[PDB]
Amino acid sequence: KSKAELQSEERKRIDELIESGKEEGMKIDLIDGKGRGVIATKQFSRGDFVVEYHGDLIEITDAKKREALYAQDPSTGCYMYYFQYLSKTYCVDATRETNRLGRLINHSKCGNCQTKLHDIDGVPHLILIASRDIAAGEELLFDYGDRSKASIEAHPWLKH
C-alpha cells in the first residue's frame, strides 16, 4: 500500500473507534500512590488506538469560567485537557465522573501512550495512541504536559 492508502485506512479505523466509544482491553485498578488508574487487559501494539480522552469539548471563555469555579471546591480534581486548534484554545473538560476511561489514566513523562489531535470534519478530538507495545497487566500512562513551577511544587509527581 502507498502512504496515502495506509493513512486513509488508519483514519477510518480511528473515526470508527471514536464513534462507538468502544473501550476494550482496559480495566480500572488502584495503583499505589496514584488513586485509580487504567491497566491493559490485553497486549496493545505500538501505534494502536487506545482510548479517546473523552469529556466536554469547550472553548476558552467557558474553560476559564469553569476553572474559577473548580478552584473553589478542592474535592474536584484536575481533568481539564487544553490544546490549540485553528488558532484557538480548546479544552476537553472531563471533570464530571463518567464511565469513560481516558480521564482515569495517570501521568508519566516516560509512559506508554501519546496524545494526538484527530480532526473529524472540523471537530477536534484528543486520542491516546500506544507509543510502544503495552503489556497485559501494565498501567497505561501519558505525559500530562504541565511542567509549570506552580504545578510541580504542588504535584511533584509531575516531575517524572
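Numbers follow the displayed sequence, beginning with 1.
- According to the PDB record, 59-67 carries the higher mean C-alpha B-factor of the two stretches 121-129 and 59-67.
- As recorded in the PDB entry, 16-24 is the stretch of 16-24 and 134-142 with the greater mean C-alpha temperature factor.
- In the deposited entry, the Cα temperature factor of residue 4 places it in the highest third of its chain's modelled residues.
- Remark: residue 85 belongs to the highest third of its chain, ranked by C-alpha B-factor as recorded.
- In this PDB entry, the Cα temperature factor of residue 32 sits in the bottom third of its chain's modelled residues, the lowest group.
- Among the modelled residues of the chain, residue 107 sits in the lowest third by CA temperature factor in this PDB entry.
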